[PDB]
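Trainee: Dumping the structure here so I can ask a few things about it.
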Amino acid sequence: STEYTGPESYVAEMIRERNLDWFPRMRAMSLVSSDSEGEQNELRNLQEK
Amino acid sequence: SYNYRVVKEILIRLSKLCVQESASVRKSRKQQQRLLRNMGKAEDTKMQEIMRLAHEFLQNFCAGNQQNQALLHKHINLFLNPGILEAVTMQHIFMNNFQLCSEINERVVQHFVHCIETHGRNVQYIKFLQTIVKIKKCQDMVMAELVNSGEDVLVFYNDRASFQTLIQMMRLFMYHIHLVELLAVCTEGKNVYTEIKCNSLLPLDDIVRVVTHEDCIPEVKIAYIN
Amino acid sequence: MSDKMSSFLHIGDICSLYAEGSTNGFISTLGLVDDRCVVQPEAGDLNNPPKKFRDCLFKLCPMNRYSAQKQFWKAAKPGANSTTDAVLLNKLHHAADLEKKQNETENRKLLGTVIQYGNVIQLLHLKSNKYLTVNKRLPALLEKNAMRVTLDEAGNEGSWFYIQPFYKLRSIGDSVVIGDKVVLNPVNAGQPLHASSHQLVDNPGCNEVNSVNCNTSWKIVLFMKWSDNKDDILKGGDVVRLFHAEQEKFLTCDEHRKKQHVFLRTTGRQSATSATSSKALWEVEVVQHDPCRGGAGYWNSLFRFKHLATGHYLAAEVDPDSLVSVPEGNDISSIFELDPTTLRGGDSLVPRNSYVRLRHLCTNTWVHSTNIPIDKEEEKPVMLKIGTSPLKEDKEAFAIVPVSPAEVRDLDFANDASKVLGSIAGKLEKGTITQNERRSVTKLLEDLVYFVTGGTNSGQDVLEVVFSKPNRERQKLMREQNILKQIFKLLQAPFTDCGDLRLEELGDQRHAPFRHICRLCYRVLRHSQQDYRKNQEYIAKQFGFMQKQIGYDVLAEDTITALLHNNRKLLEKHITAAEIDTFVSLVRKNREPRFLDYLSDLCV
Amino acid sequence: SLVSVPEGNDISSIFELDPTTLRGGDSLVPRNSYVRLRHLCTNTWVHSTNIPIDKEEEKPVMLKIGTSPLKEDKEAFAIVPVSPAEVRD
Amino acid sequence: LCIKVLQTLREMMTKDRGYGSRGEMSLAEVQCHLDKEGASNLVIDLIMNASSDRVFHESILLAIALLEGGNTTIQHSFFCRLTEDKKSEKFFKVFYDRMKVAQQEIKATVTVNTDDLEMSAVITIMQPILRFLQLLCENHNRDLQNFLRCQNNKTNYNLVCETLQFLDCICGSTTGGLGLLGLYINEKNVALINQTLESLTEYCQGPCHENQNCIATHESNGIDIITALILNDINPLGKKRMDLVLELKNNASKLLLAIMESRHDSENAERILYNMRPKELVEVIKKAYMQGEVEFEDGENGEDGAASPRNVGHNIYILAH
Amino acid sequence: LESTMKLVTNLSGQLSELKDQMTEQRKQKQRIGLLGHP
Amino acid sequence: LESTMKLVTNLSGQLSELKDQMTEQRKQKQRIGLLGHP
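Okay, here's the thing in structure tokens:
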């Protein structure tokens, strides 16, 4: 019962409640989703301030 | 303040009374004595006098017992760094020989070894150190402080030492001679350290003492055979 | 003064301390091999700092955790006698230096920080680069209460301080200001340091610092800001060797005749370290318009420059009768102005490093170089005098040559040797001093025996392995100073002691003081042999002492030192002394069964 | 001094005050912590001395406030703001 | 008088002992009864009114009573009143105070290797404090406690997570880059470093915010000093320390596992990389020979724990990803 | 480009104010001197 | 637009500093003249 810290023990907390909703149902892909650019835009406003 | 001075005087009297029949005194007081030990500013005042009196009383109340002397075996490092003054009486008080042979570490050996360097002159501290030597079992323990460093206090003043000796003869110096004698007493024969020590000091003395004896003093005649 | 928020005191800034109250003046370190701090009681105050007190300068630092290094040091300093090997000790050695090196990084990561009351201070000295602390012992030798002033290199043992004001003006955690009469106190000693009321056996203006319960409220005083340092510029604490390009120097010596001389040593080439020290060292200082001796000149300095061996400035009679040797210079006629020379000026305001020209004070007089000598010298082969006249030109420029601080801290080290060894050597051969000074003169020499080699010792007397590392600039520093002469003088004084032979009365009787110092003496004299011939020019003096060697002491290798390197032209004077007939005759006078030495002379 | 003058349109009643680490070229801001004193037009240093008046015939402790143009860093004293609720009581 | 009264509570929470309309005792039920009282204010004010050295060193022992297995309401119990009213800096500093004292003692402790050696009283207090903090922080995933590593008491009086790290940095000698890591490993002190190890790891697990700065950004150098246990083995190859070195390594890679827990981060991994060498996979391969040096044992790592010699490599192989 | 220009320009502009303030300060100082005047 | 304004503005601002420096230089020069003074 001292399992295997939270990102494991999340799904043990799930499994009693049946609710299926933790598999990568449609959305995940683990592909790129390139986020460096948003940070660049944030840096760019900096210039305005 | 006045009340505090009176307690110290009373304690000294009580210590003498306790001392005249030691087992009984220690047992009865092992409570009061423990409190006194626990109790054990820097100025010439009512606290200074009390400290001196307390040290003397302890020297006497500590002096009667050995297991009770072992009962104050902790907290004794509070005077070993102090190097000078009142701590010496307690150090002298601590000795009965069998007990001394049975229990001392090397952490106070440099505690007077560096106390050979700093911490005042230590006139009685040589006797305070020779009593710590107290017995070649402590002679094996005495070679380490003899191995570590040279501090002595102008002891080995060869030709210069002879000139110094002449000054001493003209008019402290006797204490230095006694300290040298104590070191020699500690010397003793074979040990690795002991043999070597006996050798360097012995040669120096033989040339010099053979010479000092020829150009002689009366108290120096007492220690020179030692 | 266009300050908005500055002038407080900051980490990474140099400063100076000042005593107040029962004793007044600065804090210095008389002596450079020594360890005694000193408080001059009379010569210094807030408005008139005296001459030699460049040495009072103190630099400020961050803290520097003493611990790992302390453990290594403690292991190294013996008594345990065992429990040590390369697996423990040498694996701790490179486990010490890089975490010692990060202290040097953090030094360079705090260029300026407002210093609040209560934090660490970690004071440090300029010229010595050897900062002070105390110990938690009681080796206080004049007033017997619990302190010690040790100038140390590693030093991070109770060198942390905590600072508070004397008065309840500010609080704990407020910005200090220049002129704060602060208290100063080690974080583990407890007793704040104090200006004593004692003297000792030195110059009569001597005192020292003790550390007691009562207080000496010290006002710091500032003459230097931060973020302007070595940094290919000049400040009011630098030194310089102003070399020309006609002949690339000018000379400064004290003549017994009242005028003094700028002869040119028959050549000047490349503007190198190949130069007499005493002729060359001038310091550069600014005026700052302030009574306090200032620094950080940044154009329009109206500077003046001061000599190092003696204390004098410039002066000039403009047309009449330059290197005029004036001690005190608060006048106009000692303060100059300097030329742009292609650093164009409207508002240039930056003190560059390359080249300058000169103009005096208030008349704005052109300092040049002429073709005449003085002709008191009675036919020196080449000599030129330096004259000035208000004719403007573009010709007589000469360069601000920055001297490295490592070379000036070796110069005074050699100077402080002669100021100590050159005095004590005449008296212990005459009489008797404390025997602990014989111990003290030992590590005086033992610090010197690997000073000249340039490398910190690992063993005790292993001077043959570092022998393969020469550097001419240190031996020239030791040649031009009189250290060599003094040491040979010292040898003769013990020879006279034996007289008032050498093996019998001095070596065979005592065996402790005299054999050891000759071994300290011979390997130093052996160390100067292997680099250049001008050291070997001195062998035309040190031939009579090897003529009179007889203790079988260590000095016989100096004969090999005089002879191991084949000298043909040195021996043209060396064997050209012709006393080999005395020397091998002394070898023949060595009529004991020890013949090998005689064979060696013949072999040479 | 604490000279008790009723009307003060002269010069000898109007002072000037010290920077004391609020550095001034154009500081122009009247802070709250600490000040030192200087009188009018002579720019005189107001300090604290060690003497009493000794009209009081042995009060146990008393000190007089004297001034003299010797500059110092010692005799600062604080502008202590009083709450308006206490002055209206 | 108050000490035995407090000491009475510790026996009252004491359970599973002495057994050989009556209410059936539940360990969870026992905790619940204590929680029903909620008399955690006795601890919630006891440290806040902390004066007795026996008391503060005793009340944390009472803290394991509300802790030690349950703490469902109990973790919610300390959460609200802990952000309750105006004693936070007076309380967190009070715990902080013990940490500072302990650090000084640790700095001034043993020196070097060339009726037993008793640990300092301050050091002993430290084990209890560490355990108490760990228990509070841990609940299987403690959201609010994790948020609570910081606090909004203004002053804020500590960052006890990073305040854990220096005390965790202290016990290993903190500057020993390496081989004196074995010179710092205390055979009687490792049991302190053991619980001192896992309490950091429990500080990490779950959300990557609150541990994420305190992984290797905290400026107390010793992130690699954390990973130095992965870097090599202990010099005193003791017997009970033979399992202990396994227990050390078993505690070791647990902290490394919480080192990189939520990926898609560069510099945080670089902290694991900036002190480490690329050849440590062969060091992980050395564990493969160490696990190859494993004798005839059937060890399976499921259900309650066990140190597998290959399992530590199995732990260490997780650092591959 | 804007950042460097802002920086240099800004610095110069800020720096100038300073001259003006000294002169202004003096005027009021002259008024005090006038009252000091006997 | 920003580049041209930055440029012109920047140039003018930089150019001005120059007047001020000459006057300032003179003040210190007057102090030296005063010492030169016999």
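Protein chains in written order, with my numbering: chain C, 995 to 1043; chain P, 12 to 237; chain D, 497 to 1100; chain B, 60 to 148; chain L, 19 to 339; chain E, 700 to 737; chain Y, 700 to 737.
Cβ atoms here follow ideal geometry from the backbone N, Cα and C, with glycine treated the same way.
On the criterion of 16 or more Cβ atoms from any shown chain inside 10 Å, does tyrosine 663/D qualify as buried, or is it exposed?
Mentor: Sequence index remark: in the third sequence, residue 663/D carries index 167 (1-based). With fewer than 16 Cβ atoms within 10 Å of its Cβ, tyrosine 663/D is classed as exposed.
Trainee: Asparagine 641/D: which of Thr762/D, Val616/D, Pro688/D and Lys626/D sits nearest, CA to CA?
Mentor: For the purposes of this step, residue 641/D is taken as residue 145 along the third sequence, with counting starting at 1. Out of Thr762/D, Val616/D, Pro688/D and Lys626/D, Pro688/D has the C-alpha closest to the C-alpha of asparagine 641/D.
Trainee: Give the residues of chain D in contact with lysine 114/B, contact being defined as C-beta atoms less than 9 Å apart.
Mentor: For the purposes of this step, residue 114/B is identified with residue 55 of the fourth sequence, where counting begins at 1. Going along chain D, no residue has its Cβ under 9 Å from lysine 114/B, so there is no contact; the nearest lies around 30 Å.
Trainee: Give me, in chain order, the residues of the same chain whose beta-carbon lies closer than 7 Å to that of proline 545/D; leave out the 5 immediate sequence neighbours on both sides.
Mentor: If you number the third sequence from 1, residue 545/D lands on position 49. Closer than 7 Å at Cβ, skipping near neighbours: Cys788 and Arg789.
Trainee: Quick one: measure Cβ to Cβ for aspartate 163/P and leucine 194/P, integer angstroms, because I've assumed they're closer than 8 Å.
Mentor: Taking the first residue of the second sequence as 1, we reach residue 163/P at position 152. Taking the first residue of the second sequence as 1, we reach residue 194/P at position 183. So it is a contact: roughly 7 Å between Cβ atoms.
Trainee: Just tell me which of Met106/P, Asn202/P, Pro93/P and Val196/P has its CA closest to the CA of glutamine 80/P.
Mentor: As a working note, residue 80/P is residue 69 in the second sequence. Selected option, being the one with the closest Cα: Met106/P.
Trainee: Does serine 1003/C come out as helix, strand or coil in the three-state DSSP assignment?
Mentor: By 1-based counting over the first sequence, the position of residue 1003/C is 9. In this structure, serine 1003/C counts as helix in the three-state DSSP scheme.
Trainee: Counting only beta-carbon separations shorter than 9 Å, does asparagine 577/D have a partner in chain P?
Mentor: Counting from 1 along the third sequence, the entry for residue 577/D is found at position 81. It does; some Cβ of chain P falls within 9 Å.
Trainee: Between the C-alpha atoms of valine 146/B and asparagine 796/D, what's the straight-line distance to the nearest angstrom?
Mentor: Locating residue 146/B in the fourth sequence gives position 87, where the first residue counts as 1. Locating residue 796/D in the third sequence gives position 300, where the first residue counts as 1. Whole-angstrom Cα-Cα distance: 57 Å.
Trainee: Starting from residue 1102/D, find everything on chain Y with Cβ-Cβ shorter than 9 Å and list it in chain order.
Mentor: The question about residue 1102/D has no answer here: the residues shown for chain D are numbered 497 through 1100.
Trainee: Whole angstroms are fine: how far does the CA of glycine 51/P sit from the CA of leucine 337/L?
Mentor: The sequence position of residue 337/L within the fifth sequence is 319, counting from 1. The sequence position of residue 51/P within the second sequence is 40, counting from 1. Those two C-alpha atoms are separated by around 58 Å.
Trainee: Return the residue from the list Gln223/L, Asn231/L and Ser39/L that minimises the CA-CA distance to residue 6/L.
Mentor: With chain L covering only 19 through 339, there is no way to say anything about residue 6/L.
Trainee: Using 10 angstroms around the beta-carbon of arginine 1087/D, count the other beta-carbons present and answer buried if the total reaches 16, otherwise exposed.
Mentor: By 1-based counting over the third sequence, the position of residue 1087/D is 591. So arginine 1087/D counts as exposed.
Trainee: Mind checking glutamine 743/D: buried by the 16 CB within 10 Å criterion, or exposed?
Mentor: Stepping through the third sequence from its first residue, residue 743/D is reached at position 247. Buried is the call here.
Trainee: Please name the residue or residues paired with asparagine 212/L in a DSSP beta bridge.
Mentor: Within the fifth sequence, the letter at position 194 stands for residue 212/L. For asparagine 212/L, which the question treats as bridged, DSSP gives no partner whatsoever.
Trainee: Got a sec: is the Cβ-Cβ distance from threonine 708/Y to anything in chain E below 9 Å?
Mentor: Taking the seventh sequence and counting its residues from 1, one reaches residue 708/Y at position 9. Yes - at least one Cβ of chain E is within 9 Å of the one on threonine 708/Y.
Trainee: With a cut-off of 9 Å, does the C-beta of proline 635/D fall near any C-beta of chain P?
Mentor: Taking the first residue of the third sequence as position 1, residue 635/D is located at position 139. It does; some Cβ of chain P falls within 9 Å.
Trainee: Going along the chain, which residues of its own chain have a beta-carbon closer than 7 Å to the beta-carbon of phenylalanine 991/D, five neighbours each way excluded?
Mentor: For this step, residue 991/D is matched to residue 495 along the third sequence. Cβ neighbours of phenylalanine 991/D beyond the five flanking positions: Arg998 and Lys1044.
Trainee: Measuring CA to CA, which of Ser217/L, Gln145/L and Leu100/L is closest to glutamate 76/L?
Mentor: Indexing the fifth sequence from 1 puts residue 76/L at position 58. Nearest of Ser217/L, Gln145/L and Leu100/L to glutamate 76/L, Cα basis: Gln145/L.
Trainee: Can you tell me which residues form a DSSP beta bridge with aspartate 734/D?
Mentor: As a working mapping, residue 734/D is identified with position 238 in the third sequence. Beta-bridge pairing links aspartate 734/D to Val780/D.
Trainee: Taking contact to mean at least 3 C-beta pairs separated by less than 8 Å, is the stretch 79–88 of chain L in contact with the stretch 46–58 of chain L?
Mentor: In short, these stretches touch, since the Cβ pair count reaches three.
Trainee: Return helix, strand or coil for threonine 708/E, following the three-state DSSP convention.
Mentor: Here residue 708/E refers to the residue found at position 9 of the sixth sequence. The answer is helix: DSSP assigns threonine 708/E an H, G or I state.
Trainee: Return the residues of the stretch 184–201 of chain L that lie within a Cβ-Cβ distance of less than 8 Å from chain D, sorted by chain order.
Mentor: Under the 8 Å Cβ criterion, the stretch 184–201 of chain L contributes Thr193, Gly194, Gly195, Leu196, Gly197, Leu198 and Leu201.
Trainee: Counting pairs of Cβ atoms below 8 Å between the stretch 514–529 of chain D and the stretch 540–559 of chain D, do you hit three or more?
Mentor: In short, these stretches touch, since the Cβ pair count reaches three.
Trainee: Taking the alpha-carbon of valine 166/P as reference, which of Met154/P, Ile127/P, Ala65/P and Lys148/P has the nearest alpha-carbon?
Mentor: Here residue 166/P corresponds to residue number 155 of the second sequence, with the count starting at 1. The shortest Cα separation from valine 166/P among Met154/P, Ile127/P, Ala65/P and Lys148/P belongs to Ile127/P.
Trainee: Which whole-angstrom value describes the C-beta separation of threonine 129/P and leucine 638/D, a residue pair presumed to lie in contact below a C-beta threshold of 8 Å?
Mentor: The residue you call residue 129/P lines up with position 118 of the second sequence. The residue you call residue 638/D lines up with position 142 of the third sequence. That pair is no contact at about 15 Å.
Trainee: Name, please, each residue of chain A whose Cβ falls closer than 7 Å to the Cβ of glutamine 223/L.
Mentor: Looking for chain A here will not work: the only protein chains present are C, P, D, B, L, E and Y.
Trainee: Between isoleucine 248/L and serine 280/L, is the Cβ-Cβ spacing less than 9 Å?
Mentor: Position 230 of the fifth sequence, counting from 1, holds the residue named residue 248/L. Position 262 of the fifth sequence, counting from 1, holds the residue named residue 280/L. Cβ atoms of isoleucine 248/L and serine 280/L: not closer than 9 Å.
Trainee: For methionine 974/D, count neighbouring Cβ atoms within 10 angstroms of its own Cβ and tell me buried if that reaches 16, exposed if not.
Mentor: Mapped onto the third sequence, residue 974/D falls at position 478. Burial call: buried.
Trainee: Measuring CB atoms only, is the stretch 1079–1097 of chain D touching the stretch 87–97 of chain B, in the sense that at least three cross pairs come out at less than 8 Å?
Mentor: Because the criterion of three Cβ pairs below 8 Å is not met, the stretch 1079–1097 of chain D and the stretch 87–97 of chain B do not touch.
Trainee: DSSP has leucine 76/B in a bridge; who is on the other side?
Mentor: As a first step, residue 76/B must be located in the fourth sequence, where it is residue number 17. The partner list for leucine 76/B (beta bridge, DSSP) reads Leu96/B.
Trainee: Determine, using beta carbons only, whether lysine 626/D and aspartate 648/D come nearer to each other than 9 Å.
Mentor: Numbered from its first residue, the third sequence carries residue 626/D at position 130. Numbered from its first residue, the third sequence carries residue 648/D at position 152. It is a contact, given that the beta carbons lie within the stated cut-off.
Trainee: So is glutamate 833/D in contact with chain Y if we call contact Cβ pairs under 9 Å?
Mentor: Counting from 1 along the third sequence, the entry for residue 833/D is found at position 337. Closer than 9 Å to some Cβ of chain Y, the Cβ of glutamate 833/D qualifies, so yes.
Trainee: So, does the CB of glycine 842/D fall closer than 9 Å to a CB anywhere in chain Y?
Mentor: For this step, residue 842/D is matched to residue 346 along the third sequence. Output row for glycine 842/D: interface = yes.
Trainee: If you measure beta-carbon to beta-carbon, which residues of the stretch 852–881 of chain D are closer than 7 Å to chain Y?
Mentor: Those residues of the stretch 852–881 of chain D that come within reach of chain Y (Cβ to Cβ, closer than 7 Å) are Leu857, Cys858 and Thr859.
Trainee: Pick out whichever of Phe113/L, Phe96/L and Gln49/L has its Cα sitting closest to the Cα of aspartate 71/L.
Mentor: Against the fifth sequence, residue 71/L aligns to sequence position 53. Residue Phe113/L is the option with its Cα nearest to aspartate 71/L.
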